[PDB]
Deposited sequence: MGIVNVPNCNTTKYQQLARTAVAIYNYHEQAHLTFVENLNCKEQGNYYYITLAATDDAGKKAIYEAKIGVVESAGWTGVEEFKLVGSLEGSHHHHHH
């Protein structure tokens, strides 16, 4: 469960560092990931977004 899954989490942390201007660092239709320091996919559209963090 710490694979794919690691890229999804760091993608969420990087988008957070952009939106909130913070500087976190990753430690370890929807994906619900609990991480230490809510992701949607629509494969026909090629969309990936972090609805909640």
**Request:** Would you list the gaps, meaning deposited-sequence stretches without C-alpha coordinates, in the order they occur?
**Result:** 1-8, 12, 38-45, 55-66, 83-97
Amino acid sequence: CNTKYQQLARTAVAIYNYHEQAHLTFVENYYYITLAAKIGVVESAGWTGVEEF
From here on, numbers count along this sequence of modelled residues.
**Asked** Per the entry, where is the mean C-alpha temperature factor higher: 38-46 or 5-13?
**Response** 5-13
